[PDB]
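Here is the structure we will look at.
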Amino acid sequence: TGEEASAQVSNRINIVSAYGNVXXXXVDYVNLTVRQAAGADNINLXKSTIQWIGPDXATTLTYXXXXXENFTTXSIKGXXXXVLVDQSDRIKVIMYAXXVXXXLXXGXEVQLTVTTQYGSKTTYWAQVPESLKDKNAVXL
Amino acid sequence: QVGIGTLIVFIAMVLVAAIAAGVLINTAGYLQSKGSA
Amino acid sequence: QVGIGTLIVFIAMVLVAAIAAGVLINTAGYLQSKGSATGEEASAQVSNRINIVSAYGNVXXXXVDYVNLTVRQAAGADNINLXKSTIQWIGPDXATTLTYXXXXXXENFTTXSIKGXXXXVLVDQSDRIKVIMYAXXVXXXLXXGXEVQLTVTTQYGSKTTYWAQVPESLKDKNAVXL
Amino acid sequence: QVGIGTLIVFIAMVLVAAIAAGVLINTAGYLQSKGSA
Amino acid sequence: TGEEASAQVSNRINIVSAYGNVXXXXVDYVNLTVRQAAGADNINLXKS
Amino acid sequence: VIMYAXXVXXXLXXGXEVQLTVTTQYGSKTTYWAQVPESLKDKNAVXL
Ligand SMILES: *[C@@H]1O[C@H](CO)[C@@H](O[C@@H]2O[C@H](C(=O)O)[C@@H](O)[C@H](O)[C@H]2O)[C@H](O)[C@H]1O
Ligand SMILES: *[C@@H]1O[C@H](CO)[C@@H](O[C@@H]2O[C@H](C(=O)O)[C@@H](O)[C@H](O)[C@H]2O)[C@H](O)[C@H]1O
Ligand SMILES: *[C@@H]1O[C@H](CO)[C@@H](O[C@@H]2O[C@H](C(=O)O)[C@@H](O)[C@H](O)[C@H]2O)[C@H](O)[C@H]1O
Ligand SMILES: *[C@@H]1O[C@H](CO)[C@@H](O[C@@H]2O[C@H](C(=O)O)[C@@H](O)[C@H](O)[C@H]2O)[C@H](O)[C@H]1O
Ligand SMILES: *[C@@H]1O[C@H](CO)[C@@H](O[C@@H]2O[C@H](C(=O)O)[C@@H](O)[C@H](O)[C@H]2O)[C@H](O)[C@H]1O
């Protein structure tokens with residue numbers, strides 16, 4: 050109990066940033082860079098779930114590989134592409150906006166809560182820019 | 013016998029502290045998004 | 013024979029209390045080191061932060077080929093390793109996250128020293144290291160008016176955001192400050 | 013019998029509180045010097 | 050007695066989130082995402 | 146307590162971590178997680 054309860058509080062994800070690819074005039078990808086918290090242990094991104102409260106939908110995304122209504126983790130810095138082992142590891146959480154619901158238009162707001170296996174919830178309110186003209190890639 | 017009672021109450025205090033810690037962090041997360049926006 | 017029975021049970025309850033005594037002490041020892049660690053990294057996250065002193069870039073013809081940044085420790089900052097740091101480049105065209113490299120690159124960044132001992136670690140308050148980024152390699156040589164949004168993320172998590180704004184006119188400028 | 017049990021666990025709890033007390037104080041000591049500087 | 054009393058305290062349910070559907074202008078669905086608490090055994094959600 | 150790091154395993158590097166439990170004759174365990182500083186630049190002696 051002491052080990053799991055401390056895990057529930059300690060092993061938590063901090064989202065460094067969130068940017069999104071733009072096709073035509075709509076955000077088609079939602080990309081999130083994640084990192085450990087203070088005192089976190091090895092955080093597995095395969096046993097994590099993401100809650101997508103989109104403007105047109107609301108579903109809980111689960112892990113996948115090579120998406121649709123799931124999420125993928127491509128690596129940025131480090132060895133493992135699914136596990137955060139050290140404090141200097143960055144992994145990119147990958148979400149397809151035009152596959153989990155509808156393509157995010159300029160101004161759409163989606164709430165993302167990344168829940169670790171032990172139950173540490175991290176909520177990021179992604180807000181598509183109100184204006185998207187002449188912006189190849191936006192910063193959500 | 014006294015040890016038996018201590019272990020059970022020990023679990024509750026760890027669980028209760030986890031509940032209290034959850035409220036502080038989650039409320040901070042909500043306020044962080046509110047403040048950033 | 014009631015004196016026999018109490019003796020045997022008395023031994024057992026001594027052991028049981030010793031068992032429970034171990035659980036509280038061992039679990040506290042676990043939480044002692046876990047809590048001690050938590051304070052140090054959390055303080056490192058807030059304090060050990062990179063501050064950009066000045067930004068400039070070499071320009072060729074009329075599009076800044078190279079982007080250079082000068083960094084330093086913030087107030088009350090421990091050693092800051094620039095090798096375990098990732099600058100995220102959000103440019104007019106591309107938008108990727110750069111990683112450390114050595115000897116000049121493509122989608123990476125290099126840190127050459129200006130003042131101090133190490134050329135990748137900021138040890139004192141008077142150390143200046145030049146973060147080197149090839150603009151034409153990460154995307155394209157920014158023309159007059161491009162606006163890159165750089166953010167340097169330290170290993171512990173402290174983020175410094177710098178909006179590198181190229182001047183609207185690049186005429187008669189060997190090397191201009193971004 | 014039960015008197016023996018409560019004595020040993022009593023020793024345990026003060027040491028645990030002593031352990032907990034040290035953690036907060038030493039952490040405050042690190043934060044004090046870091047905060048002061 | 051020791052086992053069930055420990056299960057009463059340890060085996061608990063944690064509600065991760067609470068979303069719901071919307072019809073016309075009224076919530077017609079209440080959905081809860083649940084998970085084990087710290088150090089919990091198997092939790093059959095049929096006997097709950 | 147003197148412990149030669151280079152012999153037990155290898156001389157630790159910046160960012161390493163060792164879990165030490167110093168147990169007495171009677172079984173009292175004391176756990177210490179020694180953590181080498183993430184940077185060893187210009188420091189004759191550190192503090193794990
Ligand atoms: C979020 O991560 C995606 C991971 O695949 C990126 O995907 C790539 O985007 C490139 C381009 O920027 O459109 C394509 O050339 C690649 O084929 C595609 O996999 C995406 O860019 C990023 O925003
Ligand atoms: C500039 O004004 C435009 C006026 O039409 C906006 O266009 C609409 O934006 C909506 C949304 O906010 O993204 C879309 O749902 C509409 O289809 C689109 O015409 C535009 O967003 C704004 O930047
Ligand atoms: C960013 O820093 C670079 C560090 O190498 C500078 O590189 C030098 O630029 C010189 C010139 O200004 O073009 C060349 O003569 C050197 O060979 C080249 O390494 C760069 O200028 C600066 O913007
Ligand atoms: C709670 O979970 C329900 C599980 O069935 C969801 O049910 C679906 O809701 C859809 C819509 O959002 O109203 C309907 O098209 C489906 O037929 C219905 O099963 C419910 O949405 C969710 O809130
Ligand atoms: C600053 O960052 C450097 C990035 O390479 C670190 O370099 C590595 O340090 C390791 C160890 O921590 O000493 C060595 O095993 C590696 O070979 C070395 O490249 C450096 O430690 C750090 O202070």
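Chains as they are written, first to last, in the deposited numbering: chain F, 50 to 115, 120 to 193; chain G, 13 to 49; chain E, 13 to 116, 120 to 193; chain D, 13 to 49; chain P, 50 to 97; chain N, 146 to 193.
No residue lacks a Cβ here, since even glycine has one placed at the ideal position from N, Cα and C.
Euclidean distance between Cα positions of residue i and residue j
| i | j | result |
| --- | --- | --- |
| residue 194(E) | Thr176(E) | As shown, chain E starts at 13 and ends at 193. That puts residue 194(E) outside it, with no answer to give. |
| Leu185(N) | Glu162(N) | 14 angstroms |
| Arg84(F) | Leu137(F) | 7 angstroms |
| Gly69(E) | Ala150(E) | 9 angstroms |
| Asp139(F) | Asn189(F) | 33 angstroms |
| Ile92(E) | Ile62(E) | 8 angstroms |
| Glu122(E) | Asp187(E) | 29 angstroms |
| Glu183(F) | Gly160(F) | 4 angstroms |
| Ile23(E) | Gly15(E) | 13 angstroms |
| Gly51(P) | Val181(N) | 44 angstroms |
| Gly41(G) | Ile20(G) | 32 angstroms |
| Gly17(G) | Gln13(E) | 29 angstroms |
| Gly47(E) | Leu193(E) | 43 angstroms |
| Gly103(E) | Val153(E) | 9 angstroms |
| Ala56(P) | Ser55(F) | 19 angstroms |
| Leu43(D) | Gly131(E) | 28 angstroms |
| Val79(F) | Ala107(E) | 13 angstroms |
Cβ neighbour criterion (16 or more within 10 Å) applied to residue i
| i | result |
| --- | --- |
| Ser173(F) | buried |
| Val76(E) | buried |
| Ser59(P) | buried |
| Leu94(F) | buried |
| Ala89(F) | buried |
| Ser45(D) | exposed |
| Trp178(E) | exposed |
| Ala49(G) | exposed |
| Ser141(F) | buried |
Neighbourhood of residue i by C-beta distance below 7 angstroms, restricted to the same chain and skipping five residues each side
| i | result |
| --- | --- |
| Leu81(P) | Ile64, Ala67 |
| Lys96(E) | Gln170 |
Neighbourhood of residue i by C-beta distance below 8 angstroms, restricted to the same chain and skipping five residues each side
| i | result |
| --- | --- |
| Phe124(F) | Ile99, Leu110, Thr111, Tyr112, 113, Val146, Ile147, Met148 |
| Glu53(F) | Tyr171 |
| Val71(F) | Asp77, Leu185, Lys188, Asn189, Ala190, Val191 |
| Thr168(N) | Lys174, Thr175 |
| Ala32(G) | none |
| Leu157(N) | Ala150, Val163, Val181 |
Cβ neighbours of residue i in the same chain (closer than 6 angstroms, five flanking residues each side left out)
| i | result |
| --- | --- |
| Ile129(E) | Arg143, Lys145 |
| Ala86(F) | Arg61, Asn63 |
| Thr126(E) | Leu94, 135, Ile144, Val146 |
| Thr166(E) | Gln100, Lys174, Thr176 |
| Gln164(F) | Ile102, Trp178 |
Decide yes or no for the touch test of the stretch 18-31 of chain D against the stretch 34-41 of chain E: beta carbon pairs closer than 8 angstroms, at least 3 of them. Yes: the two stretches touch, three or more of their Cβ pairs being nearer than 8 angstroms.
Can you check the stretch 159-188 of chain N for any beta strand (DSSP E) of at least 3 residues that lies completely inside it and give the ranges in chain order? Listed in chain order, they are 162-168, 174-180.
In chain order, which continuous runs of the alpha helix (DSSP H) of length 4 or greater are located wholly inside the stretch 51-78 of chain P? Qualifying alpha helix (DSSP H) stretches, in chain order: 51-59.
Within the stretch 17-47 of chain D, note down every full alpha helix (DSSP H) run reaching 4 residues or more, in order along the chain. Along the length of the stretch 17-47 of chain D, whole alpha helix (DSSP H) runs at least 4 residues long do not occur.
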